[PDB]
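Chain residues, written in single-letter form:
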Protein chains: 4
Amino acid sequence: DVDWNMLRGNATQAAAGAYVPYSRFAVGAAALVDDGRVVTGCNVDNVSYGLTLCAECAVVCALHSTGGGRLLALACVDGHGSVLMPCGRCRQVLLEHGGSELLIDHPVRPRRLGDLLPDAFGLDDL
Amino acid sequence: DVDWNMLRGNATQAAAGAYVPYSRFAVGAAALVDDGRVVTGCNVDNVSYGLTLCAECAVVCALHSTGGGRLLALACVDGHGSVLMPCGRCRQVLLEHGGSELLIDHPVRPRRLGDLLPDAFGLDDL
Amino acid sequence: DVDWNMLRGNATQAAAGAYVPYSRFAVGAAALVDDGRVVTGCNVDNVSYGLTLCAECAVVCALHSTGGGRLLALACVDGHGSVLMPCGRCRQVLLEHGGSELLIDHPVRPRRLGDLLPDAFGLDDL
Amino acid sequence: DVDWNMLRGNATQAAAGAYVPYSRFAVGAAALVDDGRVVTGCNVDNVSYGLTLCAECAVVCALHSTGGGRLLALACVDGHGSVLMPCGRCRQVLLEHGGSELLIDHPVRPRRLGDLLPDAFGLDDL
Ligand SMILES: [Zn+2]
Ligand SMILES: [Zn+2]
Ligand SMILES: [Zn+2]
Ligand SMILES: [Zn+2]
């Protein structure tokens, strides 16, 4: 079992660091890596809104700054600690680093990433 | 009721315009708008690869340059005319402009975008 | 000489099509292509703000949907017709399609893109 | 007053973490924060190339995961340790967090970000 309480808690803590002067919408994420460490991320607004960095992308950056590996589970929350589903961009980028079986926290029942992004674009297409 | 042969054909034609010096992976897309017009897009490489524009995003730019509206159906194909599933980013972008019932071409049977991006991040989360 | 009045006017018209329910910040752009046609673009918000498409990127999509070519001059304006400098992302993407000598409209004196993005990242680095 | 040898070295070390199966172009970056700590980042390819994360953006994610603050100096290098100029997107992102006086390493003499992104798009435009 994944310690979802621990991941959700770490995601919430991460959200406190969000840089959101324009969106005012803090987001945090935390992921369990296959070596057992946890990496975290928060969103980062830009004045050109289309250059905004998602919390889940920040998690992926942290993954490869701290030794690499594969993601096993991820929780994403807003500033109030409510669980959020990743945006489509983040689903694709998370898939690169945890695949279809990466588990994504959900208010009712955590979901396989493969269910959140079925028939995904990928290597087979290139 | 959607002429998929027509949409797929226009997507194929669109792919011929692809700017792909670095990726060498041409993609074209075409979508039926709710006023009955068809809009098209192709991918555009950048030397900083993360600034690459997807065909499906190009379709959405075209949508709003030609009078706006809602997308009803989209086909995306590679340089060989083979049907591609949109990347996660494009699934999120297309959802904004066609919603869950937007149909996405597929080699077997076209799919609702809602099935390709379930429990999507959205307005309720902000 | 570039007909800046004409480009600025076309950029302003393009801004009217902006999809900006979240940012409320309409942007339009228009560019002269080296075959003499003008292509236009507007910005497109997404609920995931980081998937927002810039007007200038939309111009580049239009370029390669309408026969390709090179950009000679570009004007970008807000919803009030005031001239805007492109964001850094757009400077890089415009550079791919017009190079250092692409002229960018400015309230006082249009500027070479090479001056707006000096010592640019590019092919030499790859 | 900035130890460029130290920053360049940490950037080089950061590049070793790069996730670059598709681009094969490793990039690392390191920045001095105004509390005196150093944060690092590396690039991260995605199979949809337009979702690639730049090293410099990874630095900004790290900044806000480690207490926030302002960037004073940044070095960016390739896999061979050669100094790279940031792409336009990254120039805009870095400007948000270090402003015009943020120093950017360069093979000849480090440059003010204000000189690398003059007349930048910003808060005044919104
Ligand atoms: Zn996201
Ligand atoms: Zn895409
Ligand atoms: Zn822009
Ligand atoms: Zn960059």
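Residues numbered from 1 in each chain as written, not as in the entry; some residues may be left out. Chains lettered and ligands numbered in written order. Heavy atoms only, no water.

Regarding how it was determined, this PDB entry cites X-ray crystallography in its header, along with a resolution of 1.7580 Å.

### Remarks on the pattern of salt bridges
Evaluation of the coordinates by the stated rule reveals 20 salt bridges over all chains. Across the pair B:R8 and B:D105 runs a salt bridge, and its minimum N-O distance is 2.8 Å. Of this pair, B:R8 sits in helix α1 (residues 4-15) while B:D105 is found in the loop between β4 (103-104) and β5 (111-112), placing the two residues 97 residues apart along the sequence. The partly exposed category is assigned to B:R8, whose relative accessible area is 29%. Here C:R37 and C:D35 are joined by a salt bridge, their closest N and O atoms 2.8 Å apart. You can call C:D35 exposed: its relative accessible area is 53%. (Salt bridge = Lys/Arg side-chain N within 4 Å of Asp/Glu carboxyl O. Helix = DSSP H or I, 4+ residues; strand = E, 2+ residues; numbered from the N terminus. Buried < 20%, exposed > 50% of the residue type's maximum accessible area, 1.4 Å probe, protein only.)

### As for the relation of the copies chain D and chain B
If you rotate chain D by 180° and push it 0.0 Å along the axis, it lands on chain B with an RMSD of 0.0 Å. Accordingly, the operation relating the two chain copies is best matched by a two-fold axis. No C-alpha of chain D lies nearer the rotation axis than that of D:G50, which sits 2.0 Å from it. In this assembly, 100% of the residues forming the interface of chain D have copies in chain B that are likewise at the interface, indicating an isologous arrangement. (Least-squares fit on C-alpha atoms. Contact = heavy atoms within 4.5 Å.)

### With respect to the coordination of the zinc ion (ligand 1)
For a metal bound by four donors in a tetrahedral arrangement, the ideal donor-metal-donor angle is 109.5 degrees, while six donors in an octahedral arrangement ideally sit at 90 or 180 degrees. All names here are of chain A. Here the zinc ion (ligand 1) is held by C54 (SG), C87 (SG) and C90 (SG), and the distances to it run 2.3 Å. Of note, the zinc ion (ligand 1) draws all its donor residues from one chain, in the sequence arrangement C-x32-C-x2-C. The same class applies to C87 and to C90, which are both buried. (Donors = N, O, S within 2.8 Å, 3.2 Å for Na, K, Ca; no water.)

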